[PDB]
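Below: the structure, in structure tokens.
Whatever order the structure lists them in is the order used to number ligands and atoms, beginning at 1. We number each residue from 1, following the sequence as shown.
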Amino acid sequence: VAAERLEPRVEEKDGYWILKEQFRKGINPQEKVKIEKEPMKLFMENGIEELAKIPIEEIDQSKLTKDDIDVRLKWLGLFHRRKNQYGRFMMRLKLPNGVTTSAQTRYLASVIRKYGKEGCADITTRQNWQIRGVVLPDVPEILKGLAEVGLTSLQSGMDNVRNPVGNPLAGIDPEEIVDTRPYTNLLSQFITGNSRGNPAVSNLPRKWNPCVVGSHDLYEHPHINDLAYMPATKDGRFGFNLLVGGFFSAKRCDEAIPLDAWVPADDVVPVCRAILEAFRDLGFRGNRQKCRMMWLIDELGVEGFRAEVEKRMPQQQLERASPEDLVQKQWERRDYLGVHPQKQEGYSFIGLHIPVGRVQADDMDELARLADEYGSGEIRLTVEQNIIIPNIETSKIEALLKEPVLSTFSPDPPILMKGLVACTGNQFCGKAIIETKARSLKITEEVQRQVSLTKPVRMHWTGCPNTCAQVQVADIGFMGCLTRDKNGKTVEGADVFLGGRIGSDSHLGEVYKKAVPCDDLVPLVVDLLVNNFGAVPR
Ligand code: SRM
Ligand code: SF4
Ligand SMILES: [Cl-]
Ligand SMILES: [Cl-]
Ligand SMILES: [K+]
């Protein structure tokens with residue numbers, strides 16, 4: 001690779017970072033949008049105030065403002081549901097480590113409550129909140145209300161650093177390696193400029209996923225993140241080995257690979273900045289399917305990429321990876337659903353199943369009430385779109401288990417429901433080929449009626465090849481497709497994936513059977529469970 005390839009392609013201009021004029025040839029349309037107007041101005045120069053006052057019908061009549069609502073608003077966490085819910089916006093937060101409060105939960109519920117049938121909320125596969133039904137005129141007030149309860153929505157979509165994922169058992173688990181909350185909190189604060197906005201990292205070639213590991217279980221899925229911090233001692237010091245470039249896409253899925261780098265714990269933010277700077281500065285900005293960070297690593301090679309990170313470290317040192325990390329390979333992923341003792345004596349946490357991550361405002365108020373009456377006001381989200389309420393005096397558990405709402409959000413659902421994960425699908429997502437959430441519930445219920453099992457089989461349903469519900473990590477994955485019934489009529493289908501493994505011995509699953517009509521999935525899945533996962537016909 002030439003020395004010329006290493007020339008930074010972006011420059012700071014008026015507090016923002018923009019593509020240098022020599023590197024603007026052949027860029028994709030999204031890069032054009034970013035050049036035409038810096039998205040961060042909608043927040044940092046309060047451009048949202050004036051945009052929000054324009055009727056949508058009129059917004060749609062010019063390119064600049066249509067690009068504002070359909071693309072630039074994703075820098076403010078706002079996603080126009082143009083096809084399936086015209087004029088309404090899904091809104092996505094930053095929620096490092098999945099940690100929320102009862103007050104935050106009540107505030108979000110109060111927002112969606114206003115929108116009635118157009119509102120609801122969802123836990124995401126990055127242990128994050130999404131809310132729905134938002135109208136543009138309400139945006140200025142919602143942004144103020146979020147700030148008031150200590151939330152931000154900044155930089156949560158498009159070409160930005162996504163929600164920092166950590167250990168859902170951080171601080172409470174007797175077996176944790178290192179509490180991940182301080183580090184995911186620092187990362188989020190760094191990425192969003194302490195909720196003011198951070199333009200140094202808001203103009204990447206593409207989305208970029210971080211996680212910090214603190215569990216032997218690897219609840220954080222480090223193998224599928226752009227940057228994963230793996231806890232490791234080096235020369236007597238606590239820190240992290242770094243894995244880089246994991247990603248899923250319609251074209252390619254790849255697991256993260258060692259950068260061959262270790263940082264002390266205090267260097268978590270400096271190396272996150274160095275890697276993002278290298279990615280921002282040097283990454284390809286053509287075909288969107290070749291813009292993820294792994295593609296840069298493949299072009300430069302891991303050593304060439306590593307050198308770029310190294311020059312962007314303070315004092316310009318990057319130590320080599322330590323031989324062995326702290327994650328024990330001898331480990332069985334623990335079920336966190338149900339009631340479990342904390343490391344603080346006399347306290348328990350409870351894991352509650354949220355069916356396919358979907359909640360309404362009344363449900364959110366109930367969960368917030370439980371967290372206040374039984375816990376410490378804290379609610380934790382998980383990447384299986386479930387919840388944990390920590391910090392419950394164990395003497396209160398008898399009473400808690402009698403709460404009516406626990407019959408809906410159960411601490412002990414059937415085993416197949418425990419592991420069930422589903423993306424938004426075509427109820428709201430315009431890219432979706434099929435309906436996912438209702439369908440996956442109905443199918444899973446009918447399957448579980450027919451078989452009993454002991455192994456915790458994880459089933460993931462995703463509505464299109466973007467694979468937001470990560471079908472490549474599942475024991476059985478279902479990817480939306482259109483197919484044909486026996487009479488040649490169009491019907492919703494799934495491509496069925498097998499082979500996905502998580503934890504230290506991770507593996508990416510692959511298509512096993514294409515184009516299965518959804519209405520035929522029950523018998524197929526019953527047989528797979530009996531033949532491959534030890535299930536027993538009832
Ligand atoms: C909500 C969520 C799925 C869920 O039900 O849980 C989601 C939903 C969306 N994803 Fe995703 N993705 C979500 C996690 C994922 C993950 C899983 C992960 O992060 O571990 C992946 C695969 C992992 C990865 O990216 O490496 C992912 C892969 C993407 C892709 C393909 C990325 C690529 O490189 O090609 C897109 C399309 C794109 O960015 O070009 C997509 C884009 C979309 C959009 C924004 C599509 C569009 O705008 O309509 C979806 C919004 C639908 C809606 O209204 O909810 N989403 N998305 C997740 C929100 C996570 C969060 O809180 O930040
Ligand atoms: S996998 Fe496809 S259908 Fe599901 S939320 Fe992602 S983009 Fe939408
Ligand atoms: Cl996006
Ligand atoms: Cl859409
Ligand atoms: K769930």
Locate the shortest heavy-atom distance separating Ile502 from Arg333; write the atom from each residue and the value.
-> CD1-NH1, 3.6 Å

Could you confirm whether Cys423 has any N/O/S atom lying under 2.8 Å from atom 2 (Fe) of ligand 2?
-> no

Please identify which atoms of ligand 2 are closer than 4.0 Å to at least one heavy atom of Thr467.
-> 1 (S)

Test of ring centre spacing under 6.0 Å for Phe497 and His460 = no

May I ask you to check whether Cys429 brings an N, O or S atom to under 2.8 Å from atom 8 (Fe) of ligand 2?
-> yes

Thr152 vs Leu93, side chain to side chain contact (heavy atoms under 4.5 Å, CB included): CA-CA, chis, key distance, verdict | CA-CA 6 Å; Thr152 181; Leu93 306 179; over 6 Å; no

Pair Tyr115-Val134, side chain to side chain contact (heavy atoms under 4.5 Å, CB included): steps then yes or no = CA-CA 7 Å; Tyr115 302 126; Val134 173; 4.2 Å; yes

May I ask you to identify the nearest protein heavy atom to atom 2 (Fe) of ligand 2, giving residue, atom name and distance to one decimal place in Å?
-> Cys464 SG, 2.3 Å

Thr436, portion touching ligand 2 at heavy-atom distance under 4.0 Å = neither

Would you mind checking which non-hydrogen protein atom is closest to atom 1 (S) of ligand 2, with the distance to 0.1 Å?
-> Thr462 OG1, 3.2 Å

The atoms of ligand 2 lying under 4.0 Å from a heavy atom of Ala432, numbered in the order shown, are 3 (S)

Any idea how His340 and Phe349 line up, ring-wise: parallel (<30°), tilted (30 to 60°), or perpendicular (>60°)?
-> tilted

Could you walk me through whether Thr124 and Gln385 pass the side chain to side chain donor-acceptor pair (under 3.5 Å) test, one step at a time?
-> CA-CA 6 Å; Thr124 78; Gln385 314 166 309; over 6 Å; no

Can you tell me which residue and heavy atom of the protein come closest to atom 7 (S) of ligand 2, and the distance to 0.1 Å?
-> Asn466 ND2, 3.3 Å

Among protein heavy atoms, which sits nearest to atom 6 (Fe) of ligand 2, and what does the distance come to when rounded to 0.1 Å?
-> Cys468 SG, 2.3 Å

Aromatic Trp17 / basic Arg280 pairing, under 6.0 angstrom, 45° off normal = yes

